[PDB]
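Note that the chains are named A, B, C, D, E and F in the order they appear, and that numbering of residues resets to 1 at the start of each chain.
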């Protein structure tokens, strides 16, 4: 099953920054400007935190920041919180009429 | 101010030949078959001597010879005369809807 | 085939016996569907060169779709009726909620389908164009990329071929104001019409007749705009039915018939007023006086029965013998005597009177016949052109056998001056 | 551009045919041929003599048969009308129609005094 | 002081985008786009002439080549009429298209122009 | 008040085609479009299917196409799933998703995640 490569896990101290990313190809993530970042806590339904690379939904704190470069989508945070221990997924449109998800990353605080 | 470069001055003996020229870019005097060579004596208005690369108007001598090569326009004369001490200009059509003149050359006899 | 006629001199008239009726006495609707997607804002940056072409094409397509959205002698005796009555009824049916969704869902993958509507009418649905697939699989993925960089010149060009239709159809629907006659080939391509013919619930003879004369059935059809909701352009074509087929019938022409009195202005005369077509339908006859409505194609006529007369079957008796106590045999009488001539199927009838030269000539030997007085006949395969006064008629030159019977100048039976000069609608 | 500036006293002639305030143009003849017209919300049928007349619809079929004299069928009772051997499709757009009762005006006149030789005449 | 409207801009395109390319020595346009968009900016004119060569000067109805729908809507909101007339005659563009006339005018000075006769609506 | 309620699931033998049902309330349903995702324990999310308004156009995933059908019934405001030839790797939780804004069929306009559901757990055992 094809997917998007993501780091297995990332750890950071509270009040710090992370540089999470997912890498694709020329026809997926790297184009079409449809990068989306989704939250997931265990036992809870996922949520939309970032869409269209930098556009943001209602009710989201301004600490997040999404960007794309070349063939890599990147998510950055400031002021880490203990509740940030969760799973990150990047979802983007692929050229062959499909919406491809990522591999999932685990964010933990120390 | 953009213009067409030309020699500062040229000196010739009576009954001789000169090969003066002015150079430009592709969207300039180079090609387009719109070379014009134009006379100037002091205190008098300019007179038409050459138009359309090699063509000549009515009531003018055939001694002049104009040509173009690559990105250069050249003027040659045979049988120099004392009255040829004057100013020479080249006029050409630039591709951005404008008609550009030259820098002015001074022809003198010795 | 065997086109023949018998000119009766009793009253100047040509009866071109031998034809085939193929009358049109039924309306059949059909819904034609163009599917199309609703594009959002362009989301393309950089003018470039090909991007400009795509932008112009998409802007014109959206303009077309929004414009189409913003779109939503016996002539007096005939009755009148609405021609677009089935199409408007089907359109009003389609306006009902949850109806076009059936059209879209049932017609998911095939091209032609048979579905039911609110009132139980089973109409034929046909998808003509497939802009949904092309615009959701071949253009939007290319255009929506960041820094649009079209690398294929074919992109635009084939797009033209898949846009022209949806453009020019709209064009016609903006000129004719909703209904168009005849249905142009853009509204229905020839192969499309041929495929649609062989699906109608009709007998084999009707399919054979209406499939072999696509031009005529194209001229006699109608079109009407329907709903455009749910991003599905739908229009109803009204391909005519053909109830009666292969029944012999004829065409009747008339001409003036006046006496050659020396005193000018004293030659009373009557003319039969029955010009047109008579076709033997059922146990009666159907009469078309409007010769412009009837179409002719290789021995077969095609005529709309909506403008006709349900004349009693005892009409050939009047044609053979004018004076019979079984039919009134409508006429019209006047004292005007002006040279005139008519051109029947297999010859020319001349009714020139008074001081007026009459001639019939051909391209081989020149002048052949000169008419003295009274209405006369020239067969088509004896002459090429006829001339009355200062005007020239070209006689028909299609093969057939004509026989010129001998009669009598019936108007000499009547008294020299008792006739009225007032009637356009009278009888014997 | 192709119109007539008719005087405003025209609805009175429309309501009551016999009024001393308008000409109420007619044309009369002795020809008797079956015919019918399609109005905005119904069908008028004038079939005469030995000629079958029918009004039918696609659900239950034949619903009404016209005996003699001109008659009217509302649009939302039938779908097609037929006179002699020809078929008309009645208009099928919604509306309310009321069929008032009158009298056959032709019976007021003498059986045979009419001229039958005009196209432009008044009452 | 009726009106005037410029429907096309062949001046700018043919004096800024095509002649500079074609007038070069041994012209060899390498841009395949050049011709194609040229088609889009020529078709209209060609089609217009086509109509004016078939109807012999006057055409009914005014085809959408003569006046595009958005063009007609823009021209509707300029003539000096009341708001009700604007609303009525702007909401039925197909009908006001069917009832208008197009006629040839002068052609001198390369300003080929034609008169449209969009009908008014008094009552 | 926007919320989705789920129904169906449990232990299913290999094969044994199971029909799955979603539901919705508190908002217009015939305008917005829906799609379906699934997640397996120890793994991430995996795109499953997408449906726009009505059964106009349906988009399928590459690794699932053919084995699955998805449709909707607006009369009951319900969304139905039919999968056959169930394999050993389908043990997962299924999630409904709501996306799109207007009447559009192009998938590029149809990637938004405004709300989610609660999901149904489906597992296979022998």
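General remarks:
The definition used in the following text is that contacts are C-beta pairs under 8 Å (C-beta built on N, C-alpha and C of every residue); 3 or more make two chains touch, one makes a residue touch a chain.
The chains touching subunit A as well as subunit E are C. Bringing subunit A onto subunit B by least-squares fit of CA atoms involves turning it by 120°, to the nearest 5.
Taking C-F and B-E together, the chain pair joined by more C-beta contacts is C-F. Separating the CA-averaged centres of subunit B and subunit D is a span of 94 Å.
Between the CA-based centres of subunit A and subunit B the separation comes to 68 Å, rounded to the whole angstrom. Chain centres here are Cα means. That of subunit A falls 78 Å from that of subunit D. Centre-to-centre separation of subunit C and subunit E, using mean CA positions: 33 Å.
Contact of a single residue of subunit C with at least two other chains is seen at positions 136, 141, 144.
The set of subunit B residues that touch two or more partner chains is empty. Annotation for subunit F: residues touching 2 or more other chains are 107-108. In this structure, the chains touch in the following pairs: A-C, A-F, B-E, C-D, C-E, C-F. Partner subunit C is touched in their complex by these residues of subunit A: 31-33, 95, 97. Here subunit C touches subunit D in the complex through residues 25-27, 76-82, 85-86, 88-89, 92, 119-121, 281-282, 284, 286, 305-306, 308-312, 330, 420, 422-427, going by the rule given at the top. Taken in their complex, subunit F has these residues touching subunit C: 54-57, 102-109. Here subunit E touches subunit B in the complex through residues 15-16, 20, 23-25, going by the rule given at the top. Per the touch definition, subunit F reaches subunit A in the complex via residues 35, 37, 43-47, 50, 59, 61-63, 95, 107-108, 111-114, 116-119.
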